[PDB]
RNA sequence: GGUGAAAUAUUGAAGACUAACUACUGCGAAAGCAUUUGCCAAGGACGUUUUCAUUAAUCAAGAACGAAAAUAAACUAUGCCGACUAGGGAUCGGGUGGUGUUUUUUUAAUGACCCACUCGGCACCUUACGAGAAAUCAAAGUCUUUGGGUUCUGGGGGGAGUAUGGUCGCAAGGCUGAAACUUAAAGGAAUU
């Protein structure tokens, strides 16, 4: 499997951790 | 005192004796004080000047348009909007013009129309923020605001 | 040297139309589409359906009077395949083996402006 | 170029940049060249043309205004009236003006 | 390498190997001196002054007539400019792209072209204050440069 | 043509257009050569209005080797404003009567061909598609000046 | 692997070439990155030339054609058009025959 | 130093209302505030008197215009076709 | 190739190269004492002149500005050097 | 209408491609940019016996621009500037000479074309003695007989463009950017 379509799914993991900055900061 | 786009109080030199009565037009994008704004079916197509739609070309954007010649004022009069003549049928004076939402109202060739747009574009292209200046605008309009939900009454 | 009049033969893909109008197109008489003797849909594109189509119009052209029907074959339709249909070829060959005379044969195939994007997509119709 | 020509009318020529200056220069009859701007008032432009006939001057209407005709006279302010009396010894006597 | 571009053009000047000559030139050193002061007193600048002597007159080059240059000749007579020839037409052309973007603000390439003109004009004034020929604290603000060069 | 007036089952017609076929334009236009589009508007003196067009093409020369060669832009600009000039001053007056008195005998085709022939000629260059759209009204007086 | 010089289809020192409109399926793909097959057939098939000049008027006329440039898309070019998948070096030389 | 950082003339509205809104605000905000150039006397005396009113601070030259700015995308497109077709009356 | 006197080359490959690609960057051009049959004063004109050269009294054309060598105007006595 | 297969026009509003023209060809920093006429300029090859005189080459940080919906499979997969080692038919634009072909108005002058040259590129092809794993490349050559200047980056492969923060933007989103722990294979060209 090509790491290009795979890197799309890892930016989705950072979207959930970004909404965590809001509830603490 | 109670509108959005200003008005050009064009006074006319009375051709029946030495008399000068001040008549009224709408706002025209860029018109100075003392502008020789000529009015006539035989007066050339210039911005701010007025005469018959059939006595002028297609694509021409006019304002204060009226379904009848001498109405002194009908459609295409709101702040910042315009009208465009998209058809000329010299058989039975018919000038097919387009309004702001997309209307095909074919009027007379002698129907009154002044070249130019209404001075006041981008008026709603800017949010007021403060409903207080919204209260300041109705100060010289009417009480059609504030509004409520019928689910509340 | 008889009774003239155009038609405007439209032969796109999968079907064909063979009607007759006057020297303008506004006053059209005897429509009869190419499929009143065939209930197959797909079998209306081959030279078989094209032969009986120029036959259903030739018998009625000798029942009223009109004989010359100008032939203007159409490829498909502007923003389309623009390729001469399977039955738009055997339509001219059909009026020959019947007895219909032509005033002049001309081509009026609408060419697309490489615009008005044709029904398909990036890869279009694939299987 | 037309900008280079008037560059020398400033490099030696004696012109009148102003309304009272062109009135004073013409009331004497030493000025023979004037250049009005098509952007500035035409009433101002017209009195110079009506006084051009009287002082016998050759008018020319340069493209732009006084802050544009001031750019040519080599300054940073505004002036749309160049009533030149003595030229800078060039072709600016009988050019396109 | 023609700096900011990729074009490797070799179209330049090829001065003769003859430092003396002509031998077929009438007049003298006085004539070229007075005729070069005449084109500087007209406002043609050494670039245009030197070219007009090439065909209108019989001046191939200044080294082929005197030991000084048209730049160093205007210096001696006192009919020289306040700034360099390339510096004058670089600010004059940086006014055309700056005032143009004022008539056409959505010029992405003309804004980048206006920037290369000025970026180049700053590398120029970088070595000009580095050689003491013009003011050392010279601030290049094309704002007053539009009504400065004209 | 266009319908005029009918007199006892004998109706005449007048010049109100001149369209073309697709095999005519698709035949003249080939690959490796240059094509030109020239738009122009001309009116008459009988309160009549019509629009004309003109498409230009290129050719070869004596002892030609290369099967190619394009234009240089400073060629197309000149030929465009030349065709418009001759037709806008030869169609005004006596409506389509004089308009057709120069288009059928091909005066325009031999005029532009020999004019720019001093440097770069160019062959074909016709009118292609031309159609009228605005007529005066009625009046049997003006409609009789053009009859046979 | 680096084996071909035109890689996809002719592209050297640019980066944005506009596409053509496919005939059969309507697939849009660059002019010089797809295929442009010009098919020259008649208003019929190709067998009754004697029958055409015996049903209509005037001798021969000029022989009219339905010549149109049918643009395809690499996909319909190797299926609905000429295929004959060629080898390594019988892939460089440019020529239709 | 400078009073703000990225809020400018819209800071007179504290933190009330919406962010994305007050942003587009600063836009035409400055386009009526800016002592724009008066295309008559060649001097910039153009002042926003009553949305569309642009007076000249000398001899009084009040000229028609746009609400906040003096002309946008639409107002420009129009004035170009009308002046070209204006000389098309004698052409 | 392999061996040749790059010092004394033939007048052949000498006039068939660029001015800066030659062994010495010299003027591969020339000059002309062209003049109009009415004035006795000859005007020294440059090959790729560009600027239109006039006479002492009456202003006339001698060479028309071109991309390279300013073409001659109809027919005037041109003398090289 | 359609799938392998059942189940016109008398005239015009508006915009697309700016059709065809439109290709191993052009211009632009890259991204990109397909008509046309005119204004507004600009930038480039060539042209130069015009001027200055090293003004400079390459570049952390910083600065302007950026398909499409600051980013790609944005790629010539190939850093820029400089030199030199290569021929050819080409081609684009420009320059020289040709009283040559030819234009018919009258040899003219000119002009187009044809011929070699030619610079700036755009490429491709045949060899490469060289280089390169090979494929291939006048560059990936002038690299163990190793050094013209210089920017940035990689060190088994994962983790990972992820954690952490920092930092830029109205925003998505980015920039930057680990570590532990894991295994002896991953990868490239070519070949059967």
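Sequential numbering from 1, following the chain as shown.
The header says electron microscopy, 4.2 Å.
Every residue, even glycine, has its Cβ placed from backbone N, Cα and C.
Copied from Swiss-Prot, the annotated features are:
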CROSSLNK  D:14  ubiquitin cross-link
CROSSLNK  D:45  ubiquitin cross-link
CROSSLNK  D:75  ubiquitin cross-link
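Everything Swiss-Prot records as a feature, shown here on the structure.
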| residue | record | Cβ within 10 Å |
| --- | --- | --- |
| D:14 | ubiquitin cross-link | 13 |
| D:45 | ubiquitin cross-link | 18 |
| D:75 | ubiquitin cross-link | 14 |
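Note: the CA-CA distance between residue D:45 (ubiquitin cross-link) and residue D:75 (ubiquitin cross-link) rounds to 22 Å. You'll find the Cα of residue D:75 (ubiquitin cross-link) roughly 15 Å from the Cα of residue D:14 (ubiquitin cross-link). Candidate recorded sites D:14, D:45, D:75 yield none lying near chain I, with Cβ-Cβ distance under 8 angstroms.
Reduced to three states, the DSSP call for residue D:75 (ubiquitin cross-link) is coil.
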